[PDB]
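Trainee: Got a structure here, written out as structure tokens. Questions coming.
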Amino acid sequence: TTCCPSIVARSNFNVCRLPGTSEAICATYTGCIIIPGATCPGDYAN
């Protein structure tokens, strides 16, 4: 599951993904994170 710290971080994440970039690269690029579970924390609410 991906969790993002802000709205624009998510928007940027989704653009990064469009060419097929790995989630892990897009995470470090944007500040989003990948977790194994499905429950994002309150500080990665977007």
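A note on labels: chains of the structure tokens are A, B, ... as shown, every chain counts residues from 1, and ligands are counted from 1 in their shown order.
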If we count only C-alpha atoms, what is near residue A:45 at a cut-off of 12 Å, once residues fewer than 4 positions away on the same chain are taken out, given as a list in words?
Mentor: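 The residues satisfying every condition are residues 2, 3, 4, 5, 6, 7, 8, 9, 10, 32, 33, 38, 39, 40 and 41 of chain A.
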Trainee: To one decimal in Å, tell me the separation between atom CA of residue A:13 and atom CA of residue A:26.
Mentor: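 Atom CA of residue A:13 sits 5.8 Å away from atom CA of residue A:26.
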Trainee: Write out as a PyMOL selection string all residues of chain A that backbone DSSP assigns to helix (DSSP H, G or I).
Mentor: chain A and resi 7-17+23-30+42-44
Trainee: Atoms to include: N, CA, C and O atoms. Write the selected residues as a tab-separated table (two decimals), in the first residue's frame.
Mentor:
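Contents of out-v4.tsv, freshly written:
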chain	number	residue	atom	x	y	z
A	7	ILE	N	-1.41	15.99	-0.15
A	7	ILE	CA	-2.15	15.84	-1.41
A	7	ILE	C	-1.22	15.95	-2.61
A	7	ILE	O	-1.29	15.09	-3.50
A	8	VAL	N	-0.41	16.99	-2.63
A	8	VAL	CA	0.43	17.15	-3.81
A	8	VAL	C	1.50	16.03	-3.92
A	8	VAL	O	1.86	15.65	-5.06
A	9	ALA	N	1.89	15.48	-2.80
A	9	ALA	CA	2.82	14.35	-2.84
A	9	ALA	C	2.16	13.17	-3.58
A	9	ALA	O	2.79	12.51	-4.42
A	10	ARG	N	0.89	12.95	-3.25
A	10	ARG	CA	0.10	11.91	-3.97
A	10	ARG	C	-0.03	12.23	-5.45
A	10	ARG	O	0.16	11.34	-6.30
A	11	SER	N	-0.38	13.46	-5.76
A	11	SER	CA	-0.50	13.82	-7.18
A	11	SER	C	0.79	13.57	-7.94
A	11	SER	O	0.80	13.03	-9.07
A	12	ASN	N	1.90	13.98	-7.31
A	12	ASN	CA	3.21	13.75	-7.90
A	12	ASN	C	3.55	12.26	-8.02
A	12	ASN	O	4.15	11.85	-9.03
A	13	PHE	N	3.19	11.51	-7.01
A	13	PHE	CA	3.36	10.05	-7.02
A	13	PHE	C	2.68	9.44	-8.26
A	13	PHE	O	3.26	8.62	-9.02
A	14	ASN	N	1.40	9.83	-8.44
A	14	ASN	CA	0.64	9.29	-9.57
A	14	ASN	C	1.21	9.65	-10.91
A	14	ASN	O	1.19	8.80	-11.85
A	15	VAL	N	1.79	10.84	-11.05
A	15	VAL	CA	2.47	11.19	-12.31
A	15	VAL	C	3.73	10.34	-12.49
A	15	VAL	O	4.01	9.80	-13.57
A	16	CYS	N	4.53	10.25	-11.42
A	16	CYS	CA	5.73	9.41	-11.45
A	16	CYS	C	5.42	7.97	-11.93
A	16	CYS	O	6.22	7.38	-12.69
A	17	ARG	N	4.29	7.47	-11.52
A	17	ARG	CA	3.90	6.09	-11.86
A	17	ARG	C	3.48	5.91	-13.31
A	17	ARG	O	3.56	4.79	-13.82
A	23	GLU	N	7.14	1.73	-7.66
A	23	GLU	CA	6.67	2.45	-6.45
A	23	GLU	C	7.82	2.92	-5.55
A	23	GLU	O	7.72	4.03	-4.99
A	24	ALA	N	8.86	2.10	-5.42
A	24	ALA	CA	9.94	2.49	-4.50
A	24	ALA	C	10.65	3.74	-4.95
A	24	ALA	O	11.02	4.59	-4.12
A	25	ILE	N	10.91	3.88	-6.26
A	25	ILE	CA	11.52	5.08	-6.77
A	25	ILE	C	10.58	6.30	-6.62
A	25	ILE	O	10.97	7.40	-6.25
A	26	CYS	N	9.30	6.02	-6.91
A	26	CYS	CA	8.38	7.14	-6.81
A	26	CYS	C	8.22	7.61	-5.35
A	26	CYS	O	7.94	8.80	-5.08
A	27	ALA	N	8.34	6.67	-4.42
A	27	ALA	CA	8.30	6.98	-2.98
A	27	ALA	C	9.42	7.92	-2.57
A	27	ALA	O	9.18	8.99	-1.98
A	28	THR	N	10.67	7.57	-2.89
A	28	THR	CA	11.73	8.43	-2.48
A	28	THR	C	11.71	9.78	-3.25
A	28	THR	O	12.17	10.82	-2.77
A	29	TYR	N	11.11	9.73	-4.44
A	29	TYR	CA	11.03	10.94	-5.23
A	29	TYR	C	10.06	11.96	-4.63
A	29	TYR	O	10.29	13.17	-4.75
A	30	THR	N	8.95	11.45	-4.06
A	30	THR	CA	7.86	12.29	-3.63
A	30	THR	C	7.66	12.49	-2.13
A	30	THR	O	6.95	13.41	-1.72
A	42	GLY	N	-1.67	8.53	10.42
A	42	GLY	CA	-2.25	9.90	10.36
A	42	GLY	C	-1.35	10.93	9.73
A	42	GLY	O	-1.85	11.98	9.23
A	43	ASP	N	-0.03	10.68	9.76
A	43	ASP	CA	0.90	11.61	9.14
A	43	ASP	C	1.27	11.27	7.66
A	43	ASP	O	2.05	12.01	7.05
A	44	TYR	N	0.66	10.20	7.19
A	44	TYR	CA	0.71	9.85	5.76
A	44	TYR	C	-0.72	9.54	5.30
A	44	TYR	O	-1.03	8.42	4.89
